[PDB]
$ cat start-v8.txt   # compact mmCIF, N, CA and C atoms and all ligand atoms
# COMPACT_ATOMS: atom_id res chain seq x y z
N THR A 1 49.65 -10.99 6.91
CA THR A 1 49.58 -12.41 7.23
C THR A 1 49.53 -12.64 8.73
N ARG A 2 48.74 -13.62 9.13
CA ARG A 2 48.67 -14.06 10.51
C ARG A 2 49.63 -15.21 10.80
N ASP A 3 50.40 -15.64 9.80
CA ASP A 3 51.27 -16.79 10.02
C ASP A 3 52.61 -16.36 10.64
N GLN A 4 52.80 -16.68 11.92
CA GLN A 4 54.02 -16.30 12.64
C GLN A 4 54.91 -17.49 12.95
N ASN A 5 54.61 -18.64 12.34
CA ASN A 5 55.48 -19.81 12.48
C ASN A 5 56.93 -19.57 12.17
N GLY A 6 57.82 -20.11 13.00
CA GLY A 6 59.22 -20.15 12.65
C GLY A 6 60.19 -19.99 13.79
N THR A 7 61.47 -20.05 13.43
CA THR A 7 62.56 -19.74 14.34
C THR A 7 63.02 -18.34 14.00
N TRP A 8 62.90 -17.43 14.97
CA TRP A 8 63.11 -16.01 14.75
C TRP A 8 64.35 -15.56 15.52
N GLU A 9 65.30 -14.97 14.81
CA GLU A 9 66.55 -14.54 15.42
C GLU A 9 66.59 -13.02 15.52
N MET A 10 66.91 -12.52 16.71
CA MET A 10 66.84 -11.09 16.95
C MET A 10 67.78 -10.28 16.07
N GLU A 11 67.26 -9.20 15.50
CA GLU A 11 68.05 -8.23 14.75
C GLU A 11 68.21 -6.92 15.52
N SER A 12 67.17 -6.54 16.26
CA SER A 12 67.13 -5.23 16.92
C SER A 12 66.39 -5.34 18.24
N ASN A 13 66.85 -4.59 19.23
CA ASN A 13 66.26 -4.59 20.57
C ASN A 13 66.33 -3.17 21.12
N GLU A 14 65.19 -2.61 21.52
CA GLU A 14 65.14 -1.24 22.03
C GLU A 14 64.37 -1.19 23.34
N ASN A 15 64.99 -0.60 24.37
CA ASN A 15 64.38 -0.40 25.68
C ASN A 15 63.95 -1.71 26.36
N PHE A 16 64.70 -2.78 26.13
CA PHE A 16 64.45 -4.03 26.85
C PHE A 16 64.66 -3.81 28.35
N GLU A 17 65.64 -2.99 28.72
CA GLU A 17 65.87 -2.76 30.15
C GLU A 17 64.72 -1.98 30.81
N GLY A 18 64.10 -1.04 30.09
CA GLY A 18 62.98 -0.30 30.65
C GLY A 18 61.80 -1.21 30.97
N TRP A 19 61.52 -2.12 30.05
CA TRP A 19 60.48 -3.10 30.25
C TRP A 19 60.81 -3.98 31.47
N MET A 20 62.04 -4.48 31.55
CA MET A 20 62.42 -5.32 32.70
C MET A 20 62.32 -4.57 34.02
N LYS A 21 62.71 -3.30 34.01
CA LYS A 21 62.65 -2.51 35.24
C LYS A 21 61.20 -2.26 35.67
N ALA A 22 60.31 -2.06 34.71
CA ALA A 22 58.89 -1.89 35.02
C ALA A 22 58.29 -3.15 35.66
N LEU A 23 58.90 -4.30 35.40
CA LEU A 23 58.51 -5.56 36.03
C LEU A 23 59.22 -5.80 37.36
N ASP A 24 60.09 -4.87 37.73
CA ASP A 24 60.84 -4.89 38.99
C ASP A 24 61.90 -5.99 39.00
N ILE A 25 62.32 -6.43 37.82
CA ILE A 25 63.41 -7.39 37.75
C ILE A 25 64.67 -6.78 38.39
N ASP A 26 65.39 -7.58 39.17
CA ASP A 26 66.50 -7.07 39.97
C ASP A 26 67.67 -6.61 39.10
N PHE A 27 68.48 -5.74 39.68
CA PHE A 27 69.61 -5.12 39.00
C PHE A 27 70.52 -6.13 38.30
N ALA A 28 70.95 -7.17 39.02
CA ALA A 28 71.94 -8.10 38.45
C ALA A 28 71.37 -8.81 37.22
N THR A 29 70.14 -9.29 37.34
CA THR A 29 69.48 -9.96 36.22
C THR A 29 69.32 -9.02 35.02
N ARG A 30 68.87 -7.79 35.26
CA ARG A 30 68.69 -6.82 34.18
C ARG A 30 69.99 -6.52 33.46
N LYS A 31 71.06 -6.33 34.23
CA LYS A 31 72.32 -5.91 33.64
C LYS A 31 72.92 -6.99 32.75
N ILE A 32 72.74 -8.24 33.13
CA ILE A 32 73.18 -9.32 32.27
C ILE A 32 72.24 -9.47 31.07
N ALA A 33 70.94 -9.55 31.34
CA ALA A 33 69.95 -9.83 30.29
C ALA A 33 69.89 -8.79 29.16
N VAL A 34 70.10 -7.52 29.48
CA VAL A 34 70.03 -6.46 28.47
C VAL A 34 71.12 -6.59 27.40
N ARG A 35 72.18 -7.33 27.70
CA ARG A 35 73.30 -7.47 26.77
C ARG A 35 73.04 -8.49 25.67
N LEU A 36 72.00 -9.31 25.83
CA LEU A 36 71.94 -10.58 25.14
C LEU A 36 71.08 -10.58 23.88
N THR A 37 71.52 -11.36 22.90
CA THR A 37 70.76 -11.64 21.69
C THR A 37 69.69 -12.67 22.03
N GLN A 38 68.49 -12.48 21.50
CA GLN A 38 67.36 -13.36 21.78
C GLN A 38 66.94 -14.17 20.56
N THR A 39 66.26 -15.28 20.83
CA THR A 39 65.62 -16.09 19.81
C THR A 39 64.18 -16.28 20.24
N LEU A 40 63.27 -16.30 19.28
CA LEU A 40 61.86 -16.58 19.56
C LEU A 40 61.45 -17.71 18.63
N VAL A 41 60.96 -18.81 19.20
CA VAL A 41 60.49 -19.92 18.38
C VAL A 41 58.98 -20.01 18.51
N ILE A 42 58.28 -19.97 17.39
CA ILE A 42 56.83 -20.00 17.39
C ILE A 42 56.34 -21.20 16.59
N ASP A 43 55.54 -22.03 17.26
CA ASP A 43 54.85 -23.15 16.64
C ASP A 43 53.37 -22.80 16.61
N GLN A 44 52.82 -22.63 15.41
CA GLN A 44 51.45 -22.16 15.25
C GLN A 44 50.65 -23.11 14.38
N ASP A 45 49.55 -23.60 14.93
CA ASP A 45 48.63 -24.44 14.18
C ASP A 45 47.21 -24.03 14.52
N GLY A 46 46.55 -23.37 13.58
CA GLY A 46 45.24 -22.80 13.86
C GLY A 46 45.33 -21.81 15.00
N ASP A 47 44.50 -22.00 16.02
CA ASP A 47 44.53 -21.16 17.22
C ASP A 47 45.62 -21.54 18.19
N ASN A 48 46.23 -22.69 18.00
CA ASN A 48 47.14 -23.20 19.01
C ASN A 48 48.57 -22.74 18.81
N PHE A 49 49.10 -22.08 19.82
CA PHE A 49 50.45 -21.57 19.79
C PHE A 49 51.34 -22.20 20.85
N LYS A 50 52.59 -22.45 20.50
CA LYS A 50 53.65 -22.71 21.47
C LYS A 50 54.75 -21.70 21.19
N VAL A 51 55.11 -20.91 22.20
CA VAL A 51 56.09 -19.84 22.02
C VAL A 51 57.24 -20.01 23.01
N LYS A 52 58.46 -19.90 22.52
CA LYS A 52 59.66 -20.03 23.36
C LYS A 52 60.57 -18.83 23.14
N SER A 53 60.86 -18.10 24.21
CA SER A 53 61.83 -17.01 24.18
C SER A 53 63.11 -17.50 24.83
N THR A 54 64.25 -17.37 24.15
CA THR A 54 65.49 -17.86 24.70
C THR A 54 66.64 -16.90 24.48
N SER A 55 67.64 -17.06 25.34
CA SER A 55 68.95 -16.44 25.20
C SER A 55 69.92 -17.39 25.89
N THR A 56 71.17 -16.98 26.04
CA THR A 56 72.10 -17.78 26.84
C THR A 56 71.74 -17.80 28.33
N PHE A 57 70.82 -16.92 28.75
CA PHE A 57 70.54 -16.70 30.17
C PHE A 57 69.14 -17.14 30.59
N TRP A 58 68.23 -17.33 29.63
CA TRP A 58 66.89 -17.80 29.96
C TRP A 58 66.27 -18.66 28.86
N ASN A 59 65.23 -19.38 29.24
CA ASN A 59 64.40 -20.15 28.32
C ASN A 59 62.97 -20.15 28.86
N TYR A 60 62.12 -19.29 28.29
CA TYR A 60 60.76 -19.04 28.78
C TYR A 60 59.74 -19.51 27.75
N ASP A 61 58.91 -20.47 28.13
CA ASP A 61 57.95 -21.07 27.20
C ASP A 61 56.53 -20.85 27.66
N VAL A 62 55.64 -20.66 26.70
CA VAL A 62 54.23 -20.54 27.02
C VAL A 62 53.40 -21.10 25.86
N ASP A 63 52.36 -21.84 26.21
CA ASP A 63 51.41 -22.37 25.25
C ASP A 63 50.06 -21.71 25.48
N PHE A 64 49.34 -21.41 24.40
CA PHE A 64 48.01 -20.85 24.55
C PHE A 64 47.18 -21.10 23.31
N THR A 65 45.88 -20.88 23.46
CA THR A 65 44.93 -20.94 22.36
C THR A 65 44.36 -19.54 22.17
N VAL A 66 44.45 -19.02 20.96
CA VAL A 66 43.89 -17.72 20.66
C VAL A 66 42.43 -17.69 21.08
N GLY A 67 42.05 -16.64 21.81
CA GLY A 67 40.68 -16.45 22.23
C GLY A 67 40.23 -17.18 23.49
N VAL A 68 41.15 -17.87 24.16
CA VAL A 68 40.82 -18.62 25.37
C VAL A 68 41.63 -18.05 26.53
N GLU A 69 40.96 -17.44 27.50
CA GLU A 69 41.64 -16.92 28.68
C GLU A 69 42.38 -18.03 29.44
N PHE A 70 43.54 -17.71 29.99
CA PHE A 70 44.26 -18.67 30.81
C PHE A 70 44.95 -17.97 31.97
N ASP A 71 44.79 -18.55 33.16
CA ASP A 71 45.55 -18.14 34.33
C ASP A 71 46.97 -18.59 34.17
N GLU A 72 47.89 -17.69 34.49
CA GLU A 72 49.28 -17.91 34.21
C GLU A 72 50.17 -17.49 35.37
N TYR A 73 51.19 -18.29 35.67
CA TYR A 73 52.28 -17.87 36.55
C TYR A 73 53.43 -17.48 35.64
N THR A 74 54.04 -16.32 35.87
CA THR A 74 55.06 -15.84 34.95
C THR A 74 56.45 -16.35 35.32
N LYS A 75 56.51 -17.25 36.30
CA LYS A 75 57.66 -18.13 36.48
C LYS A 75 58.95 -17.32 36.64
N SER A 76 60.03 -17.66 35.93
CA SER A 76 61.31 -17.03 36.25
C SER A 76 61.45 -15.59 35.71
N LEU A 77 60.46 -15.09 34.96
CA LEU A 77 60.47 -13.68 34.55
C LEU A 77 60.27 -12.78 35.77
N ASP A 78 59.09 -12.80 36.38
CA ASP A 78 58.85 -11.98 37.58
C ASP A 78 57.94 -12.64 38.61
N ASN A 79 57.71 -13.95 38.47
CA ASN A 79 57.04 -14.73 39.52
C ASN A 79 55.71 -14.12 39.97
N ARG A 80 54.87 -13.73 39.01
CA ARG A 80 53.57 -13.15 39.32
C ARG A 80 52.45 -13.96 38.68
N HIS A 81 51.26 -13.87 39.27
CA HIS A 81 50.06 -14.44 38.68
C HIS A 81 49.30 -13.41 37.87
N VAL A 82 48.93 -13.78 36.65
CA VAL A 82 48.14 -12.91 35.78
C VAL A 82 47.05 -13.72 35.08
N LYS A 83 46.04 -13.02 34.57
CA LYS A 83 45.03 -13.62 33.71
C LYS A 83 45.33 -13.18 32.29
N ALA A 84 45.69 -14.14 31.45
CA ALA A 84 46.21 -13.84 30.13
C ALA A 84 45.21 -14.16 29.04
N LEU A 85 45.28 -13.38 27.97
CA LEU A 85 44.40 -13.57 26.83
C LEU A 85 45.13 -13.12 25.59
N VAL A 86 45.16 -13.96 24.57
CA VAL A 86 45.77 -13.61 23.29
C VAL A 86 44.70 -13.62 22.21
N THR A 87 44.64 -12.54 21.43
CA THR A 87 43.63 -12.36 20.39
C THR A 87 44.24 -11.70 19.17
N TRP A 88 43.49 -11.70 18.07
CA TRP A 88 43.89 -11.00 16.86
C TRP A 88 43.21 -9.66 16.76
N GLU A 89 44.00 -8.63 16.47
CA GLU A 89 43.50 -7.34 16.02
C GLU A 89 44.04 -7.17 14.60
N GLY A 90 43.22 -7.47 13.61
CA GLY A 90 43.72 -7.57 12.25
C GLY A 90 44.77 -8.66 12.20
N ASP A 91 45.97 -8.33 11.73
CA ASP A 91 47.06 -9.30 11.72
C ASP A 91 48.08 -9.05 12.83
N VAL A 92 47.68 -8.31 13.86
CA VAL A 92 48.51 -8.14 15.04
C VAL A 92 48.02 -9.12 16.12
N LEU A 93 48.95 -9.92 16.63
CA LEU A 93 48.66 -10.85 17.72
C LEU A 93 48.86 -10.08 19.02
N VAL A 94 47.81 -9.97 19.83
CA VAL A 94 47.83 -9.11 21.01
C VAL A 94 47.64 -9.95 22.27
N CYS A 95 48.57 -9.83 23.21
CA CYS A 95 48.42 -10.47 24.51
C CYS A 95 48.20 -9.42 25.58
N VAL A 96 47.16 -9.60 26.39
CA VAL A 96 46.93 -8.78 27.57
C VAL A 96 47.05 -9.67 28.80
N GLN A 97 47.88 -9.27 29.75
CA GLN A 97 48.04 -9.98 31.01
C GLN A 97 47.49 -9.13 32.14
N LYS A 98 46.29 -9.47 32.62
CA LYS A 98 45.64 -8.71 33.68
C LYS A 98 46.18 -9.09 35.04
N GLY A 99 46.47 -8.09 35.86
CA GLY A 99 47.10 -8.34 37.14
C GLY A 99 47.62 -7.08 37.79
N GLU A 100 48.70 -7.22 38.55
CA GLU A 100 49.22 -6.12 39.35
C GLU A 100 49.72 -4.97 38.47
N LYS A 101 50.40 -5.31 37.39
CA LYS A 101 50.96 -4.30 36.48
C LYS A 101 49.93 -3.82 35.46
N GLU A 102 49.91 -2.51 35.19
CA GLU A 102 49.06 -1.94 34.15
C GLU A 102 49.69 -2.11 32.77
N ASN A 103 48.87 -2.13 31.72
CA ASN A 103 49.37 -2.11 30.34
C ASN A 103 50.35 -3.23 30.06
N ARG A 104 50.13 -4.38 30.70
CA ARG A 104 51.06 -5.48 30.60
C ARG A 104 50.69 -6.46 29.50
N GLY A 105 51.66 -6.79 28.65
CA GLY A 105 51.45 -7.80 27.63
C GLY A 105 52.45 -7.64 26.51
N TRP A 106 52.01 -7.99 25.31
CA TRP A 106 52.85 -7.86 24.13
C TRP A 106 52.00 -7.85 22.87
N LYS A 107 52.65 -7.46 21.77
CA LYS A 107 52.05 -7.50 20.44
C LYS A 107 53.08 -8.05 19.48
N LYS A 108 52.67 -8.92 18.56
CA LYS A 108 53.56 -9.44 17.52
C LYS A 108 52.90 -9.27 16.16
N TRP A 109 53.68 -8.92 15.14
CA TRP A 109 53.15 -8.87 13.79
C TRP A 109 54.27 -9.11 12.80
N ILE A 110 53.89 -9.54 11.61
CA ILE A 110 54.80 -9.78 10.50
C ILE A 110 54.80 -8.56 9.61
N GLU A 111 55.98 -8.07 9.28
CA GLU A 111 56.10 -6.83 8.53
C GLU A 111 57.28 -7.08 7.64
N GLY A 112 57.04 -7.18 6.33
CA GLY A 112 58.05 -7.69 5.43
C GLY A 112 58.28 -9.17 5.68
N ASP A 113 59.55 -9.56 5.78
CA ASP A 113 59.91 -10.95 6.09
C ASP A 113 60.37 -11.06 7.54
N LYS A 114 59.91 -10.13 8.37
CA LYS A 114 60.43 -10.05 9.72
C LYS A 114 59.31 -10.10 10.73
N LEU A 115 59.64 -10.51 11.95
CA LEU A 115 58.69 -10.46 13.05
C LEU A 115 59.02 -9.27 13.93
N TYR A 116 58.03 -8.42 14.15
CA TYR A 116 58.15 -7.25 15.00
C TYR A 116 57.39 -7.53 16.27
N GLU A 117 57.91 -7.10 17.40
CA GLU A 117 57.07 -7.18 18.58
C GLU A 117 57.31 -6.04 19.54
N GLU A 118 56.27 -5.79 20.33
CA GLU A 118 56.31 -4.85 21.43
C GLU A 118 56.10 -5.63 22.71
N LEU A 119 56.92 -5.37 23.72
CA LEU A 119 56.68 -5.86 25.08
C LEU A 119 56.32 -4.64 25.92
N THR A 120 55.19 -4.70 26.64
CA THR A 120 54.73 -3.54 27.39
C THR A 120 54.50 -3.85 28.86
N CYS A 121 54.80 -2.86 29.70
CA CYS A 121 54.50 -2.93 31.12
C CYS A 121 54.53 -1.50 31.67
N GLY A 122 53.49 -1.11 32.40
CA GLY A 122 53.46 0.24 32.94
C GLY A 122 53.50 1.24 31.80
N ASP A 123 54.40 2.21 31.88
CA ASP A 123 54.53 3.19 30.81
C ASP A 123 55.72 2.88 29.90
N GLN A 124 56.25 1.66 30.00
CA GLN A 124 57.41 1.25 29.20
C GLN A 124 57.02 0.37 28.01
N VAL A 125 57.70 0.60 26.90
CA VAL A 125 57.54 -0.21 25.69
C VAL A 125 58.91 -0.64 25.20
N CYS A 126 59.10 -1.94 25.08
CA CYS A 126 60.28 -2.49 24.43
C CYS A 126 59.91 -2.87 22.99
N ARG A 127 60.75 -2.49 22.03
CA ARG A 127 60.49 -2.79 20.62
C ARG A 127 61.59 -3.69 20.08
N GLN A 128 61.19 -4.78 19.45
CA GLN A 128 62.13 -5.78 18.93
C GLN A 128 61.82 -6.14 17.50
N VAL A 129 62.86 -6.54 16.77
CA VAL A 129 62.71 -7.03 15.40
C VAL A 129 63.53 -8.30 15.26
N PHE A 130 62.94 -9.32 14.64
CA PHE A 130 63.56 -10.63 14.43
C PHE A 130 63.51 -10.97 12.96
N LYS A 131 64.53 -11.68 12.48
CA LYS A 131 64.54 -12.21 11.13
C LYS A 131 64.24 -13.71 11.16
N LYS A 132 63.54 -14.21 10.15
CA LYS A 132 63.20 -15.61 10.11
C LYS A 132 64.43 -16.42 9.72
N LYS A 133 64.78 -17.42 10.53
CA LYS A 133 65.98 -18.20 10.26
C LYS A 133 65.82 -19.07 9.02
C1 LIG B 1 55.93 -13.39 22.56
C2 LIG B 1 57.08 -12.98 23.34
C3 LIG B 1 57.24 -13.41 24.61
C4 LIG B 1 56.28 -14.32 25.30
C5 LIG B 1 58.48 -12.99 25.31
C6 LIG B 1 59.50 -12.14 24.91
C7 LIG B 1 60.52 -12.02 25.84
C8 LIG B 1 60.31 -12.78 26.99
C9 LIG B 1 61.16 -12.96 28.19
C10 LIG B 1 62.24 -12.13 28.42
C11 LIG B 1 63.04 -12.34 29.54
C12 LIG B 1 62.77 -13.40 30.40
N1 LIG B 1 63.57 -13.63 31.52
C13 LIG B 1 63.39 -14.84 32.31
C14 LIG B 1 64.58 -12.66 31.89
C15 LIG B 1 61.70 -14.25 30.14
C16 LIG B 1 60.90 -14.03 29.04
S1 LIG B 1 58.83 -13.66 26.88

$ encode --input "start-v8.txt" --output "structure tokens"
Amino acid sequence: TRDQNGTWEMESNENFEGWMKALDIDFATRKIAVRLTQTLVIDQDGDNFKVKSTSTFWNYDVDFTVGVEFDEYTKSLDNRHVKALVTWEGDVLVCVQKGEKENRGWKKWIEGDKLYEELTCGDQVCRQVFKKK
């Protein structure tokens, strides 16, 4: 299924700190952030997505249209400019962020009743699993 709508509550988090370090996020921010449970809220209507990543320490939102390139500032994550594109590879939602960092982006897919995602930067991969609330 390509339907990723919902409020998703984190069940599992692996190598979140490696991903943050590959983005050069500072020590203090990483050490606090790696401890935290995350929520992902996805509003999906056709190609149009609104995605919100939250914890007690951040609230990061992005809107996009599948298949439409968009210039993006990554704001309080790592304050960089990238050229972003989100597309479907089968039922995997794939984001590529072109810019200073190699292999930067993410992948999301539904597997069972859960949302799985990969966050990638450089040679680091963070793997997460969320349950639908
Ligand atoms: C589809 C998933 C997305 C866009 C994200 C998953 C995690 C994100 C994130 C983590 C940490 C921060 N800060 C500010 C530490 C921001 C966003 S976005």

$ atom_distance --input "start-v8.txt" --atom1 "CA of residue 64 in chain A" --atom2 "atom C of residue 13 in chain A"
25.7 Å

$ closest_residue --input "start-v8.txt" --among "A:102, A:71, A:47, A:26" --to "ligand LIG 1 (chain B)" --atoms "only C-alpha atoms and all ligand atoms"
A:26

$ closest_residue --input "start-v8.txt" --among "A:127, A:58, A:100, A:69" --to "ligand LIG 1 (chain B)" --atoms "all atoms listed in the file"
A:58

$ closest_residue --input "start-v8.txt" --among "A:85, A:77, A:92, A:125" --to "ligand LIG 1 (chain B)" --atoms "all atoms listed in the file"
A:77

$ closest_residue --input "start-v8.txt" --among "A:82, A:15, A:49, A:32" --to "residue 97 in chain A" --atoms "only N, CA and C atoms"
A:82

$ decode --input "start-v8.txt" --residues "range 2-24 of chain A" --atoms "N, CA and C atoms" --output "PDB file, in the first residue's frame"
ATOM      1  N   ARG A   2       0.397   2.258  -0.736  1.00  0.00           N
ATOM      2  CA  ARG A   2       1.025   3.564  -0.742  1.00  0.00           C
ATOM      3  C   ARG A   2       0.390   4.511   0.276  1.00  0.00           C
ATOM      4  N   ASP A   3      -0.600   4.041   1.026  1.00  0.00           N
ATOM      5  CA  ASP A   3      -1.281   4.935   1.953  1.00  0.00           C
ATOM      6  C   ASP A   3      -0.529   5.027   3.288  1.00  0.00           C
ATOM      7  N   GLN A   4       0.114   6.173   3.532  1.00  0.00           N
ATOM      8  CA  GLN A   4       0.897   6.383   4.753  1.00  0.00           C
ATOM      9  C   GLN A   4       0.245   7.373   5.708  1.00  0.00           C
ATOM     10  N   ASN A   5      -1.010   7.725   5.441  1.00  0.00           N
ATOM     11  CA  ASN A   5      -1.762   8.580   6.357  1.00  0.00           C
ATOM     12  C   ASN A   5      -1.777   8.115   7.789  1.00  0.00           C
ATOM     13  N   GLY A   6      -1.597   9.047   8.720  1.00  0.00           N
ATOM     14  CA  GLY A   6      -1.854   8.741  10.108  1.00  0.00           C
ATOM     15  C   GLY A   6      -0.951   9.419  11.112  1.00  0.00           C
ATOM     16  N   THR A   7      -1.226   9.137  12.378  1.00  0.00           N
ATOM     17  CA  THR A   7      -0.366   9.533  13.480  1.00  0.00           C
ATOM     18  C   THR A   7       0.435   8.308  13.870  1.00  0.00           C
ATOM     19  N   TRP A   8       1.754   8.401  13.737  1.00  0.00           N
ATOM     20  CA  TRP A   8       2.648   7.257  13.886  1.00  0.00           C
ATOM     21  C   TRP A   8       3.516   7.449  15.124  1.00  0.00           C
ATOM     22  N   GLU A   9       3.472   6.480  16.030  1.00  0.00           N
ATOM     23  CA  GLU A   9       4.217   6.568  17.280  1.00  0.00           C
ATOM     24  C   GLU A   9       5.398   5.614  17.258  1.00  0.00           C
ATOM     25  N   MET A  10       6.575   6.125  17.592  1.00  0.00           N
ATOM     26  CA  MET A  10       7.783   5.329  17.466  1.00  0.00           C
ATOM     27  C   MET A  10       7.787   4.086  18.346  1.00  0.00           C
ATOM     28  N   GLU A  11       8.178   2.961  17.760  1.00  0.00           N
ATOM     29  CA  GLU A  11       8.386   1.714  18.490  1.00  0.00           C
ATOM     30  C   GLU A  11       9.871   1.377  18.619  1.00  0.00           C
ATOM     31  N   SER A  12      10.645   1.702  17.584  1.00  0.00           N
ATOM     32  CA  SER A  12      12.048   1.303  17.500  1.00  0.00           C
ATOM     33  C   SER A  12      12.867   2.372  16.806  1.00  0.00           C
ATOM     34  N   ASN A  13      14.091   2.569  17.270  1.00  0.00           N
ATOM     35  CA  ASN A  13      15.003   3.570  16.718  1.00  0.00           C
ATOM     36  C   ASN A  13      16.413   3.007  16.739  1.00  0.00           C
ATOM     37  N   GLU A  14      17.088   2.971  15.595  1.00  0.00           N
ATOM     38  CA  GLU A  14      18.428   2.409  15.496  1.00  0.00           C
ATOM     39  C   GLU A  14      19.357   3.377  14.766  1.00  0.00           C
ATOM     40  N   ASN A  15      20.492   3.692  15.388  1.00  0.00           N
ATOM     41  CA  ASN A  15      21.532   4.547  14.811  1.00  0.00           C
ATOM     42  C   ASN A  15      21.034   5.956  14.460  1.00  0.00           C
ATOM     43  N   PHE A  16      20.098   6.481  15.242  1.00  0.00           N
ATOM     44  CA  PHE A  16      19.679   7.864  15.074  1.00  0.00           C
ATOM     45  C   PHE A  16      20.861   8.802  15.317  1.00  0.00           C
ATOM     46  N   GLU A  17      21.723   8.462  16.271  1.00  0.00           N
ATOM     47  CA  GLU A  17      22.872   9.343  16.528  1.00  0.00           C
ATOM     48  C   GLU A  17      23.885   9.349  15.366  1.00  0.00           C
ATOM     49  N   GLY A  18      24.074   8.214  14.689  1.00  0.00           N
ATOM     50  CA  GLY A  18      24.981   8.176  13.552  1.00  0.00           C
ATOM     51  C   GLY A  18      24.519   9.092  12.431  1.00  0.00           C
ATOM     52  N   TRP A  19      23.220   9.052  12.162  1.00  0.00           N
ATOM     53  CA  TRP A  19      22.632   9.924  11.164  1.00  0.00           C
ATOM     54  C   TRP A  19      22.822  11.391  11.568  1.00  0.00           C
ATOM     55  N   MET A  20      22.531  11.728  12.824  1.00  0.00           N
ATOM     56  CA  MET A  20      22.701  13.118  13.271  1.00  0.00           C
ATOM     57  C   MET A  20      24.152  13.573  13.175  1.00  0.00           C
ATOM     58  N   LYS A  21      25.081  12.687  13.512  1.00  0.00           N
ATOM     59  CA  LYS A  21      26.492  13.053  13.455  1.00  0.00           C
ATOM     60  C   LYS A  21      26.953  13.270  12.015  1.00  0.00           C
ATOM     61  N   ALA A  22      26.435  12.474  11.084  1.00  0.00           N
ATOM     62  CA  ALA A  22      26.756  12.662   9.670  1.00  0.00           C
ATOM     63  C   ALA A  22      26.269  14.013   9.141  1.00  0.00           C
ATOM     64  N   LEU A  23      25.254  14.574   9.793  1.00  0.00           N
ATOM     65  CA  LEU A  23      24.760  15.909   9.472  1.00  0.00           C
ATOM     66  C   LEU A  23      25.495  17.013  10.230  1.00  0.00           C
ATOM     67  N   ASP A  24      26.441  16.603  11.072  1.00  0.00           N
ATOM     68  CA  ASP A  24      27.297  17.505  11.859  1.00  0.00           C
ATOM     69  C   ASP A  24      26.513  18.202  12.964  1.00  0.00           C
TER      70      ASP A  24
END
